[PDB]
Amino acid sequence: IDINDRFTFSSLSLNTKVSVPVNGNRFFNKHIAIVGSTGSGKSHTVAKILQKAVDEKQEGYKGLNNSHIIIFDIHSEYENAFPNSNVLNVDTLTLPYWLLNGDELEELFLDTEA
Amino acid sequence: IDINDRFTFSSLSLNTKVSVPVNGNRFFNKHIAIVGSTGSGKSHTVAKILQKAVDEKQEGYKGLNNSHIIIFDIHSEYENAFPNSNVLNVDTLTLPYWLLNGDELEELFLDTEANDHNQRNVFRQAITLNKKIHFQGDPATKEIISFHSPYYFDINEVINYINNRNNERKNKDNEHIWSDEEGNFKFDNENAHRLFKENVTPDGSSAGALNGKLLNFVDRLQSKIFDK
Amino acid sequence: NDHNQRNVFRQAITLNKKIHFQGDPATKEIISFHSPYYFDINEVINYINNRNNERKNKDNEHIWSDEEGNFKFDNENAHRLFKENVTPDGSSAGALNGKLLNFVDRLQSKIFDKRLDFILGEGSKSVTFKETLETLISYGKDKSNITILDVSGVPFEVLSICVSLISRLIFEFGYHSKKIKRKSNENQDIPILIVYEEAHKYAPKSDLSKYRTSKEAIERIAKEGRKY
Amino acid sequence: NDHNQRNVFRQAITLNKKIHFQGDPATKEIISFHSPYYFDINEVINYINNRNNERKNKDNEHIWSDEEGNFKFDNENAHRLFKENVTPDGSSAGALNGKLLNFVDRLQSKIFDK
Amino acid sequence: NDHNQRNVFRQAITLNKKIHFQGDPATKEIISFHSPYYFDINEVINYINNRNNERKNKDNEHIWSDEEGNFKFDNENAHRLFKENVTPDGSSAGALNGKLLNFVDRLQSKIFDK
Amino acid sequence: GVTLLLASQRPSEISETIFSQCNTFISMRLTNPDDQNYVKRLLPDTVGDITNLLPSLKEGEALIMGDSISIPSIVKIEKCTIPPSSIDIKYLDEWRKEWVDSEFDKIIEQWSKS
DNA sequence: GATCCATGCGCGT
DNA sequence: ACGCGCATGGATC
Ligand SMILES: Nc1ncnc2c1ncn2[C@@H]1O[C@H](COP(=O)(O)OP(=O)(O)NP(=O)(O)O)[C@@H](O)[C@H]1O
Ligand SMILES: Nc1ncnc2c1ncn2[C@@H]1O[C@H](COP(=O)(O)OP(=O)(O)NP(=O)(O)O)[C@@H](O)[C@H]1O
Ligand SMILES: [Mg+2]
Ligand SMILES: [Mg+2]
């Protein structure tokens, strides 16, 4: 993997002092599926990936970078993982009903068909 | 395993003098699946683990610990294993129908599928209105009461609502007019709570939107209510 | 979409079980659809045929007339639909008017089936619950340690329901005997062994529909049967 | 797996075996759909084809008219549907109206084959 | 898999096979939709196209007009429906009015396909 | 704070979605080879040889695996001094006595109650 | 099969 | 003429 292409967030299990970088451009454009049993650590692994993506800043500037990550939190975990983030619950989030693209406007309002 | 987190309920099969403790935290936060053939000691082992959890008390007191175990016992066997326990059967347990959220209210009551959109609507609108009427708290909590809200509603007056709307009569202006002891009124959001009683007589010229189309709905709904 | 025929099927059976009950009328209220109480199956046809001919008036209530006189269709007068000598008076077709023609025609086909004469014959009127159970385990006038069920040259349709009923009836006899003895702190004193000779017929590996209802009759004995 | 097509097949053949039996009445009652007795398949098709055209009145009873006069479809007069020369007389659609047409066309497809 | 197009196609074809059949009448009742004898498919067009012009009068009957005279929708008179020069007479729409035009257009497309 | 204790008589008859989340596994005598193969694959290959003792397990002998236990081992569960009310019926001892009167009136009265 | 809906015909002002 | 009531029908799942 190229030196400007490396995105490391983990080390090898057999040997701790070797990192296992992935191709960072190829890591995020090609979709990520993380699976494992309950309590395995998927949420911490997801949180660690997005944390290393946030501080993945090129040299020459101060301030937050061009990362854009949207998390669908159904267990309310990532608020503490990302303290300087925006949290949108249903009571405060406003998605306009006129933004529906017709197909969802067709299905939101009519429980009948045909 | 550390000293405090050890949970012993068994010994090694080859060496009975060797005790086998498991991590009591990791034993229970990750779920347990116990399997075996008939007569293998599966139910005795389940009772044995539950007993060790009950007497797992830290030093400093005598009374009950913080164990909280619910048993779905389908053979009437675990009463003997825990004599100081609370046993509930269907004849004594009362799980109220108004503790259902949106999904099981339709599953328990409605057997129609895919063509019942007017029958679904009069079902939720009767339940949501009846939950608001019996609410006794602040009005700020009253208006967020919805179909899945765990609030008390009277299913008998819900039947009275759909029975009344089964006889609804609209006038020339396509609005439903009713009469009761108070007087004539129009079916709207501030007067539809008067349809929960059976002494309301409809007054109109033409049949309403649900006139005659809820007779089989009430019959199926009254059957589930009166089913023992 | 068979929920109104399914509703009127249990409504006819539950009502007919209550009228044909001549005992303590605190027990009469807990009679329901699955209760093992006598009901006339021909009177059930009389109920459903009438419900197919029903006609509601302007008030959405079905009106009927028999030899006694005009009456309202409610819970206290629904038992008068068990005779053919009723005439419906009304201005509009009722809730189940015309919706049960193929329901009755299919259901009478089961009653007049000579294959099912051992279940839906005229001899089911005379026998009671006690005589059926003593017949199965040889507890009648003549007593035997072995009861043989001669189903040699019999079709599979009536072999399967012979197997599924009797395996369930013996299981629930064994179940209800244990709960009776647990009130007196005793164990079950009737152990029953059911011999399934050439069990390839009714409990095979395959998952066909006609193989289904006799598989869980033997599975339930295999799973939880030896406790009872 | 159409149970209305199944029920109309059995109730045609069981009835047609009754009307062609020349014997003791007690044996006639035990005649059913599986019993080995003669029935004519052309009248069975005619019975099913007629029951594709049932027309109930307001009292929910099917009414027809052969050459001998109008009659109501019941147990005693169901044998009159075995003849083709019956005309339906009613207002609404019958119980099995239009539910048996694919049944009939395949039924005579195998009879007419040489 | 429109059901209502399927039926009218066989009442067009099976009737057409009976008209063009030149054999003895005894095998005309065994004539079916799967029988290999001559039928004119342009007259099959003219039947389905005319059945899309069906007119129902007060007493629930379909009445047509022809050069020879005026006739109703009877099985004897349905044989003269195969000509294009007939004109319907009635009060309202027929049973199969307005639902066989796409069926005719598909049938005309196949025959006039080179 | 809500977990489950799955007590079932066969591992190959409960849904995997509930069964896969159970990290702690207790396995008693399993005479079905399909069950023993299910317990086989839940184990690593190094501790894969202990499941051969599954059908030979006595009453109260269990195989416990998971993160709670150090190694998957065959253990003897402590005998219940206060046991559940599930006593096996001595078929030979019950059958050896006389014919019992068996009180049919009380059984079908309680049966009718349920 | 039931629900829902629409089109139509008949009887009332 | 129009309105309401009832009946038939068929559109789907
Ligand atoms: N890299 C890690 N090293 C050590 N422990 C970890 C690591 N990642 C996660 N954990 C532990 O995993 C546990 C939390 O698991 P969690 O991150 O919620 O996984 P999860 O699969 O999302 N749980 P669930 O949502 O029920 O599937 C805690 O006990 C953490 O200490
Ligand atoms: N630890 C043990 N040591 C010795 N015997 C035991 C032990 N545990 C259970 N038993 C015996 O095993 C018998 C069967 O146990 P049981 O409670 O029926 O488990 P089971 O296999 O789940 N029965 P079932 O629910 O029908 O599958 C008990 O009646 C005891 O006599
Ligand atoms: Mg998680
Ligand atoms: Mg057990």
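Keep in mind that the numbers below use all heavy atoms, side chains included, and drop hydrogens, waters and symmetry copies. When a ligand or atom number is given, it counts from 1 through the structure's own listing order. Throughout, a chain's letter reflects where its sequence line sits, starting with A, and its residues are numbered from 1.
- The residue from B:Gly36, F:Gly60, B:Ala47, B:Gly39 that puts a heavy atom closest to atom 2 (C) of ligand 2 is F:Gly60.
- Heavy atoms of F:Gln9 found under 4.0 angstrom from ligand 2 belong exclusively to the side chain.
- Ligand 2 has no N or O atom lying under 3.5 Å from any N or O atom of B:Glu77, backbone or side chain.
- Side-chain atoms of C:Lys179 and B:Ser76 include a donor-acceptor pair closer than 3.5 Å.
- When all heavy atoms are compared, the tightest approach of C:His34 to F:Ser114 is NE2-O, 3.0 Å.
- Taking all heavy atoms of A:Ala81, A:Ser10, A:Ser43 into account, the minimum distance to atom 25 (O) of ligand 1 is reached by A:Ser43.
- Taking a 4.0 Å cut-off on heavy atoms, F:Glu61 fails to register as neighbouring ligand 2.
- Contact of the B:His44 side chain with the F:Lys79 side chain is not registered, since no non-hydrogen atoms from C-beta on lie closer than 4.5 Å.
- Using a 4.0 Å cut-off to heavy atoms of A:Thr38, the atoms of ligand 1 that qualify are 24 (P), 26 (O), 27 (O).
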### Task
Let me see the working for B:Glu77 and F:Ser85 under side chain to side chain donor-acceptor pair (under 3.5 Å), right down to the final yes or no.
CA-CA 4 Å; B:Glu77 43 188 331; F:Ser85 100; over 6 Å; no
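- Every N/O-N/O distance between A:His75 and ligand 1 stays at or above 3.5 Å.
- Which parts of ligand 1 touch A:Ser37 is read off a 4.0 Å heavy-atom cut-off, strictly below it: atoms 21 (O).
- Annotation: atom 17 (O) of ligand 1 to nearest protein heavy atom, A:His44 ND1, 2.9 Å.
- Atom 16 (P) of ligand 1 has its closest protein heavy atom at A:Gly41 CA, 3.7 Å.
- Among protein heavy atoms, the minimum distance from atom 27 (O) of ligand 1 is reached at A:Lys42 NZ, 2.7 Å.
- Between C:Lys223 and ligand 2, a contact under 3.5 Å exists for no N or O pair.
- Within the 6.0 Å centre-distance limit, the rings of A:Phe7 and A:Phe9 are counted as a close aromatic pair.
- Heavy atoms of F:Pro84 found under 4.0 angstrom from ligand 2: none, in either backbone or side chain.
- A salt bridge links F:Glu78 with B:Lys48: the closest approach of a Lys/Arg side-chain nitrogen to an acidic carboxylate oxygen falls below 4.0 angstrom.
- One side chain, C:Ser167 or C:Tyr196, offers a donor N or O that lies under 3.5 Å from an acceptor on the other.
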